[PDB]
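**Q** I am attaching a structure below and will ask some questions about it afterwards.
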Amino acid sequence: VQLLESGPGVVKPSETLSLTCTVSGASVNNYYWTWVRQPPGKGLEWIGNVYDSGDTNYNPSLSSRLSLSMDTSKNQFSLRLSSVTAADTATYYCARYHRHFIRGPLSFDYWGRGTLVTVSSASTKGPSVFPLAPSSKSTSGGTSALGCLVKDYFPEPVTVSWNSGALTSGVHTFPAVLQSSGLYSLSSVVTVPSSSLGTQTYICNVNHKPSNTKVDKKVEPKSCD
Amino acid sequence: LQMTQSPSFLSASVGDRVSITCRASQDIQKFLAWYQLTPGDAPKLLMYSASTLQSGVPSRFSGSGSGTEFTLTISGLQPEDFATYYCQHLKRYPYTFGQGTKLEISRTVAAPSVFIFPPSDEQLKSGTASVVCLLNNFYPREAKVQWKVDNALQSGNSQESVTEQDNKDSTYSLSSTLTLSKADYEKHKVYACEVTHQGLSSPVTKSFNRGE
């Protein structure tokens with residue numbers, strides 16, 4: 001029995017969001033399901049439930065714009081959220097509302113891996129990668145730090161790797177930050193032996209699927225030499 | 001009906017027996033469940049009906065309580081037990097969760113290694129400079145960063161982020177960015193990154209001179 005969600009990663013404000021959960025190993029009609037969101041910054045928030053009886057058990061804070069349902073032919077249950085605003089941005093999870101007819105409500109025992117829904121007017125855009133070159137300013141002992149600045153991209157996410165996944169030790173890819181431009185920007189760095197700085201080739205592999213942007217940047221040392 | 005968790009953050013060593021509590025604004029008898037949330041994984045149910053261990057969950061996890069107070073207890077914390085926990089009541093709708101409890105590993109205080117990266121010639125072409133300050137592998141996670149251009153303290157023209165405690169050395173890393181215009185960048189010489197951390201008796205300053 002497995003649960004996989006699917007729907008847009010981005011939803012333009014004031015529009016209506018549509019998230020769907022596909023089930024496996026079980027018939028949607030024979031169980032009760034639910035949706036829970038996690039607004040970055042906050043915790044967990046119960047959205048509402050969906051049953052075969054079509055009963056209405058939604059959170060009062062969403063009631064007016066929410067609509068849950070089940071589609072037995074496609075074996076899925078879904079979520080409809082009208083008039084989304086930045087306050088609706090969050091990773092949404094679908095799950096099973098485990099209940100026992102005599103004992104009552106037990107838990108939410110099967111959960112999907114969730115999907116991040118970002119409410120933004122921003123237009124899809126690829127990143128521009130700049131080098132964070134190793135230098136006397138980024139060296140201490142026999143260790144030097146270098147990296148890549150993935151600036152101005154939308155929406156999330158972008159993945160980074162070094163030397164096509166060959167270099168992973170000492171790598172640090174930071175959480176991205178949203179700029180007032182409405183575009184994201186993160187950085188990935190790596191500390192490497194200072195001695196290899198002339199011999200070993202360092203290249204960060206940036207990939208942003210939303211905009212089919214694949215950038216490979218080589219990071220060269222920077223000195224007065 | 002609200003659920004309050006405490007502590008919100010708890011630090012412990014691997015192998016310790018730790019206990020998280022969850023209180024309820026009202027009496028919910030045993031209708032309370034616990035969950036483990038590690039970023040990247042789907043939330044895992046660990047306990048329900050307050051003390052019934054979920055199928056496939058190591059016995060080091062145990063729940064107790066009824067009424068308004070409940071307790072989740074972990075014996076011998078494992079590397080992977082260090083995540084965030086949330087309790088939930090199921091007394092009546094709307095069902096709600098506690099604000100969660102993040103559990104991280106405690107270790108010795110380590111000052112960050114501060115490196116600074118001036119903007120790349122390539123980015124300057126466009127017309128905006130991004131100066132980056134890196135605080136690498138430090139503990140505790142608390143750390144403040146202040147940019148100084150020609151000594152003038154900066155404000156509102158920088159953003160930053162920290163990684164999650166490393167799996168290997170339990171250290172944290174931080175990345176700050178000073179975003180100035182090209183013309184504003186070619187206007188000054190000294191670009192300073194002032195770092196404040198427990199391991200540093202006094203704020204350290206790592207800077208460089210533009211065009212040098």
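Just remember, in the structure tokens the first chain shown is A, the second B, etc., residues are 1-based per chain, and ligands are 1-based in the order shown.
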Restrict the distance test to only C-alpha atoms, flag each residue of chain B within 9 Å of chain A, and return the flagged residues as a ChimeraX atom specification.
**A** /B:31-34,40-49,54,86,88-100,113-120,122-123,130,132,134,136,159-164,173-175,206-208,212
**Q** As a list in words, which residues of range 69-112 of chain A does DSSP assign to strand (DSSP E)?
**A**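 Residues of range 69-112 of chain A classed as strand (DSSP E): residues 69, 70, 71, 76, 77, 78, 79, 80, 81, 90, 91, 92, 93, 94, 95, 96, 97, 98, 99, 100, 104, 105, 106, 107, 108, 109, 110 and 111 of chain A.
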**Q** Grab the residues selected above and save them as an mmCIF file, in the first residue's frame with N, CA and C atoms.
**A**
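Result saved to result_35.cif:
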data_model
loop_
_atom_site.group_PDB
_atom_site.id
_atom_site.type_symbol
_atom_site.label_atom_id
_atom_site.label_comp_id
_atom_site.auth_asym_id
_atom_site.auth_seq_id
_atom_site.Cartn_x
_atom_site.Cartn_y
_atom_site.Cartn_z
ATOM 1 N N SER A 69 -11.967 15.260 -2.283
ATOM 2 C CA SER A 69 -12.780 14.278 -2.986
ATOM 3 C C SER A 69 -12.019 13.003 -3.314
ATOM 4 N N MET A 70 -12.755 12.028 -3.823
ATOM 5 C CA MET A 70 -12.195 10.737 -4.187
ATOM 6 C C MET A 70 -12.664 10.328 -5.594
ATOM 7 N N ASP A 71 -11.800 9.670 -6.349
ATOM 8 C CA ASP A 71 -12.146 9.228 -7.696
ATOM 9 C C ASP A 71 -11.828 7.743 -7.735
ATOM 10 N N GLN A 76 -7.818 7.532 -6.681
ATOM 11 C CA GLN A 76 -7.109 8.665 -6.090
ATOM 12 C C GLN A 76 -8.060 9.534 -5.279
ATOM 13 N N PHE A 77 -7.494 10.377 -4.425
ATOM 14 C CA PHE A 77 -8.281 11.326 -3.655
ATOM 15 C C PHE A 77 -7.550 12.658 -3.842
ATOM 16 N N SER A 78 -8.270 13.771 -3.826
ATOM 17 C CA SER A 78 -7.595 15.022 -4.119
ATOM 18 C C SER A 78 -7.932 16.206 -3.261
ATOM 19 N N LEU A 79 -7.265 17.285 -3.517
ATOM 20 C CA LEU A 79 -7.435 18.505 -2.745
ATOM 21 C C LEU A 79 -7.573 19.701 -3.674
ATOM 22 N N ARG A 80 -8.601 20.506 -3.444
ATOM 23 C CA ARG A 80 -8.831 21.695 -4.253
ATOM 24 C C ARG A 80 -8.785 22.886 -3.319
ATOM 25 N N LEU A 81 -7.891 23.827 -3.587
ATOM 26 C CA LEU A 81 -7.782 25.007 -2.736
ATOM 27 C C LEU A 81 -7.903 26.280 -3.569
ATOM 28 N N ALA A 90 3.465 25.785 1.141
ATOM 29 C CA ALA A 90 3.886 24.723 2.044
ATOM 30 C C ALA A 90 3.997 23.375 1.352
ATOM 31 N N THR A 91 4.649 22.439 2.028
ATOM 32 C CA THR A 91 4.792 21.099 1.498
ATOM 33 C C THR A 91 3.537 20.383 1.983
ATOM 34 N N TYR A 92 2.796 19.816 1.039
ATOM 35 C CA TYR A 92 1.554 19.138 1.358
ATOM 36 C C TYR A 92 1.689 17.631 1.359
ATOM 37 N N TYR A 93 1.153 16.994 2.402
ATOM 38 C CA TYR A 93 1.198 15.537 2.520
ATOM 39 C C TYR A 93 -0.203 14.906 2.480
ATOM 40 N N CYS A 94 -0.287 13.696 1.932
ATOM 41 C CA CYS A 94 -1.540 12.964 1.920
ATOM 42 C C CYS A 94 -1.286 11.745 2.785
ATOM 43 N N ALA A 95 -2.328 11.235 3.430
ATOM 44 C CA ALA A 95 -2.169 10.084 4.311
ATOM 45 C C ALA A 95 -3.461 9.323 4.533
ATOM 46 N N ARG A 96 -3.364 8.233 5.288
ATOM 47 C CA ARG A 96 -4.537 7.441 5.611
ATOM 48 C C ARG A 96 -5.006 7.851 6.995
ATOM 49 N N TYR A 97 -6.303 8.089 7.128
ATOM 50 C CA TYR A 97 -6.891 8.473 8.406
ATOM 51 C C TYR A 97 -7.312 7.154 9.044
ATOM 52 N N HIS A 98 -6.383 6.527 9.757
ATOM 53 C CA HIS A 98 -6.640 5.237 10.387
ATOM 54 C C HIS A 98 -7.624 5.344 11.543
ATOM 55 N N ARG A 99 -8.726 4.612 11.422
ATOM 56 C CA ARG A 99 -9.788 4.627 12.420
ATOM 57 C C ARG A 99 -10.289 3.203 12.644
ATOM 58 N N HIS A 100 -10.805 2.935 13.838
ATOM 59 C CA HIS A 100 -11.365 1.627 14.171
ATOM 60 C C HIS A 100 -12.819 1.919 14.541
ATOM 61 N N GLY A 104 -12.581 4.028 17.586
ATOM 62 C CA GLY A 104 -12.528 5.392 17.079
ATOM 63 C C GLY A 104 -11.227 5.783 16.404
ATOM 64 N N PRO A 105 -10.967 7.087 16.302
ATOM 65 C CA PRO A 105 -9.756 7.610 15.668
ATOM 66 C C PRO A 105 -8.457 7.118 16.314
ATOM 67 N N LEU A 106 -7.574 6.554 15.481
ATOM 68 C CA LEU A 106 -6.275 6.035 15.913
ATOM 69 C C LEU A 106 -5.101 6.908 15.503
ATOM 70 N N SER A 107 -4.935 7.130 14.201
ATOM 71 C CA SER A 107 -3.829 7.956 13.712
ATOM 72 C C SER A 107 -3.873 8.176 12.195
ATOM 73 N N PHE A 108 -2.832 8.802 11.703
ATOM 74 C CA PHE A 108 -2.516 9.032 10.322
ATOM 75 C C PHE A 108 -1.328 8.117 10.134
ATOM 76 N N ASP A 109 -1.558 6.863 9.751
ATOM 77 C CA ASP A 109 -0.474 5.880 9.678
ATOM 78 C C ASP A 109 0.339 5.695 8.396
ATOM 79 N N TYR A 110 -0.209 6.062 7.250
ATOM 80 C CA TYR A 110 0.552 5.949 6.013
ATOM 81 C C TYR A 110 0.594 7.373 5.514
ATOM 82 N N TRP A 111 1.791 7.869 5.214
ATOM 83 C CA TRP A 111 1.962 9.231 4.717
ATOM 84 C C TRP A 111 2.701 9.258 3.378
#
**Q** Within 8 Å of residue 104 in chain B, counting only C-alpha atoms, which residues qualify if same-chain residues fewer than 6 places away don't, as a PDB file with C-alpha atoms, in the first residue's frame?
**A**
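Below is the file that was written, selection29.pdb:
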ATOM      1  CA  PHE B   9      14.651  22.115  21.010  1.00  0.00           C
ATOM      2  CA  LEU B  10      16.559  19.463  22.925  1.00  0.00           C
ATOM      3  CA  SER B  11      20.234  18.536  22.652  1.00  0.00           C
ATOM      4  CA  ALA B  12      21.492  15.128  23.719  1.00  0.00           C
ATOM      5  CA  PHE B  82      17.846  12.961  16.014  1.00  0.00           C
ATOM      6  CA  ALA B  83      15.015  14.626  14.118  1.00  0.00           C
ATOM      7  CA  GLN B 165      23.876  19.635  11.815  1.00  0.00           C
TER       8      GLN B 165
END
**Q** Just want the 12 Å neighbourhood of residue 112 in chain B, counted on only C-alpha atoms, with same-chain residues fewer than 2 positions away dropped. Output as an NGL selection string.
**A** (:A and (140)) or (:B and (109-110 or 114-115 or 133-145 or 171-175 or 194-200 or 203-206))
**Q** What are the DSSP alpha helix (DSSP H) residues of chain B, as a ChimeraX atom specification?
**A** /B:121-126,182-185
**Q** So which one's closest to residue 150 in chain A, B:155, B:150, B:184, B:177? Using only C-alpha atoms, please.
**A**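 Between B:155, B:150, B:184, B:177, the residue approaching residue 150 in chain A most closely is B:177.
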**Q** Considering only C-alpha atoms, return as a compact mmCIF listing (two decimals) with C-alpha atoms, in the first residue's frame whatever protein or nucleic-acid residues lie within 9 Å of residue 126 in chain A, sequence-local ones (same chain, fewer than 3 positions apart) excluded.
**A**
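out-v4.txt was written with the following content:
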# COMPACT_ATOMS: atom_id res chain seq x y z
CA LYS A 151 21.95 33.12 -8.25
CA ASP A 152 18.56 34.31 -9.54
CA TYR A 153 16.46 31.23 -10.29
CA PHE A 154 12.82 30.24 -9.91
CA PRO A 155 11.25 28.19 -8.60
CA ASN A 207 20.78 21.41 -12.51
CA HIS A 208 17.40 23.21 -12.46
CA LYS A 209 14.78 21.05 -14.19
CA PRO A 210 11.87 23.51 -13.95
CA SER A 211 13.69 25.59 -16.56
CA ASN A 212 15.78 22.80 -18.10
CA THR A 213 18.97 24.59 -17.10
CA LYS A 214 22.10 22.46 -16.79
**Q** Pick out the residues sitting within 12 Å of range 64-68 of chain B, and hand them over as a CSV table (one decimal) with C-alpha atoms, in the first residue's frame; count only C-alpha atoms, and ignore anything fewer than 3 positions along from it in its own chain.
**A**
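Result file follows (around_20.csv):
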chain,number,residue,atom,x,y,z
B,1,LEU,CA,-8.0,22.7,21.5
B,2,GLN,CA,-4.3,23.2,21.4
B,3,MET,CA,-1.3,20.9,21.8
B,4,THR,CA,1.9,22.3,23.3
B,5,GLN,CA,5.2,20.6,23.1
B,19,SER,CA,11.9,12.4,27.1
B,20,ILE,CA,9.6,14.8,25.3
B,21,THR,CA,6.3,16.0,26.7
B,22,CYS,CA,3.0,17.0,25.1
B,23,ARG,CA,0.3,18.8,26.9
B,24,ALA,CA,-3.3,19.3,25.8
B,25,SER,CA,-5.5,22.4,26.5
B,26,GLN,CA,-8.2,20.0,27.3
B,27,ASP,CA,-8.7,16.3,28.3
B,28,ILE,CA,-8.3,14.1,25.2
B,29,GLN,CA,-8.0,10.8,27.1
B,30,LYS,CA,-5.8,8.6,25.0
B,31,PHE,CA,-6.5,10.0,21.5
B,32,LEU,CA,-2.9,11.1,21.0
B,33,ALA,CA,-0.3,10.1,18.4
B,34,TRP,CA,3.4,10.9,17.9
B,47,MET,CA,2.9,5.9,18.6
B,48,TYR,CA,-0.9,6.1,18.8
B,49,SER,CA,-3.5,5.8,21.6
B,50,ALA,CA,-0.7,7.4,23.6
B,51,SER,CA,1.3,4.2,24.4
B,52,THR,CA,0.8,1.7,21.5
B,53,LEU,CA,4.0,1.3,19.6
B,61,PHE,CA,10.5,4.3,21.7
B,71,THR,CA,5.3,11.5,27.3
B,72,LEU,CA,7.3,10.1,24.4
B,73,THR,CA,10.5,8.5,25.6
B,74,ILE,CA,13.5,7.3,23.7
B,89,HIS,CA,-4.7,14.7,19.3
B,91,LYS,CA,-10.4,13.9,20.2
**Q** Write out as an MDAnalysis selection string the residues lying within 8 Å of residue 6 in chain A, counting only C-alpha atoms and excluding same-chain residues fewer than 5 positions away.
**A** chainID A and resid 19:22 115
**Q** Can I get the selection written as a PDB file, in the first residue's frame, with N, CA and C atoms?
**A**
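Saved the output as part-v3.pdb:
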ATOM      1  N   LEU A  19      -4.150  19.414  -5.885  1.00  0.00           N
ATOM      2  CA  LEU A  19      -3.181  18.380  -5.529  1.00  0.00           C
ATOM      3  C   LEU A  19      -3.880  17.019  -5.564  1.00  0.00           C
ATOM      4  N   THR A  20      -3.184  15.999  -6.072  1.00  0.00           N
ATOM      5  CA  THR A  20      -3.754  14.650  -6.198  1.00  0.00           C
ATOM      6  C   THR A  20      -2.869  13.565  -5.579  1.00  0.00           C
ATOM      7  N   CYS A  21      -3.490  12.543  -5.010  1.00  0.00           N
ATOM      8  CA  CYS A  21      -2.744  11.473  -4.364  1.00  0.00           C
ATOM      9  C   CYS A  21      -3.182  10.167  -5.008  1.00  0.00           C
ATOM     10  N   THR A  22      -2.216   9.435  -5.543  1.00  0.00           N
ATOM     11  CA  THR A  22      -2.515   8.171  -6.188  1.00  0.00           C
ATOM     12  C   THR A  22      -2.192   7.061  -5.210  1.00  0.00           C
ATOM     13  N   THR A 115       4.773  17.133  -1.338  1.00  0.00           N
ATOM     14  CA  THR A 115       5.237  17.971  -2.442  1.00  0.00           C
ATOM     15  C   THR A 115       5.182  19.422  -1.999  1.00  0.00           C
TER      16      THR A 115
END
**Q** For a test of reading the model, state the distance in Å between CA of residue 60 in chain B and CA of residue 166 in chain B, rounded to one decimal.
**A**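 Those two atoms sit 23.7 Å apart.
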**Q** For residue 201 in chain A, which residue among A:72, A:163, A:124, A:49 is the nearest when counting only C-alpha atoms?
**A**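 Between A:72, A:163, A:124, A:49, the residue approaching residue 201 in chain A most closely is A:163.
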